[PDB]
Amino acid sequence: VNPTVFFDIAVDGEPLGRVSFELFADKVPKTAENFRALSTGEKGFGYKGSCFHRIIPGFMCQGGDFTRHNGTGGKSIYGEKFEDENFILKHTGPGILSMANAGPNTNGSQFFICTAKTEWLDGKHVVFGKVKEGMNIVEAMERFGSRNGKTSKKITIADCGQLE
C-alpha cells in the first residue's frame, strides 16, 4: 500500500539477516519512489551489491553509494541530484530512514538509518521511511562501525527488492 522494500545484509560475505522498510510514499512520494526504484534495480542501476560505508554506533548506519562505495558517489533515478522534497517528517527515534546529502537540495542515492533520536537533523535531511522488521539486524550491523564511521567488516546489501 505504502510500499515495503527489503535488504538482505551480509557481513564479509556471511548472511546476517533481513531488514524491511515502510516507505512513506503518501507523504514524500518523489523521495520514496527514488529509494523504491533503486531497491528493485528496475531503471538498470541500484543498491544490490553496494555497501554501508559509514556506521557510527549509537547514531546511524549510512549506505547507498553504489558508484564509488565510499560516500563520494551515487545518483538518483532523476539525475545526479534532486531537491529536498519537504521536511514534514522528523527524526523521532531508532528505525528512521532519511536521506544523506551534501547540503540543501543535493539528494542522490545515499541514505542512513537512525539508531537513536537525532532531532538536530530535522529540517536538514528528508525523512521518508522507517524499519518495519529487522531493527535487531540494524543493531547488529551497528557493532561493526566506529567513532569516525569506518567499518571493521564489509557490510553489503547482498540482495534487495520490493515486498509490498
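Counting begins at 1, following the sequence as shown.
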task: On mean C-alpha B-factor from the PDB entry, just flag whether 24-32 or 108-116 is the higher one.
output: 24-32
message: Maximum C-alpha temperature factor per the entry, among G49, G64, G95, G41, belongs to which one?
response: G41
- prompt: Split the chain's modelled residues into thirds by Cα B-factor; is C160 in the lowest, middle or highest one?
  reply: middle
query: Taking the entry's C-alpha B-factors for this chain, is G149 in the lowest, middle or highest third?
result: middle
- prompt: Ranked by Cα temperature factor within the chain, is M141 in the lowest third, the middle third or the highest third?
  reply: highest
- prompt: Taking the entry's C-alpha B-factors for this chain, is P57 in the lowest, middle or highest third?
  reply: middle
message: Ranking every modelled residue in this chain by its Cα temperature factor as given in the entry, which third contains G129?
response: lowest
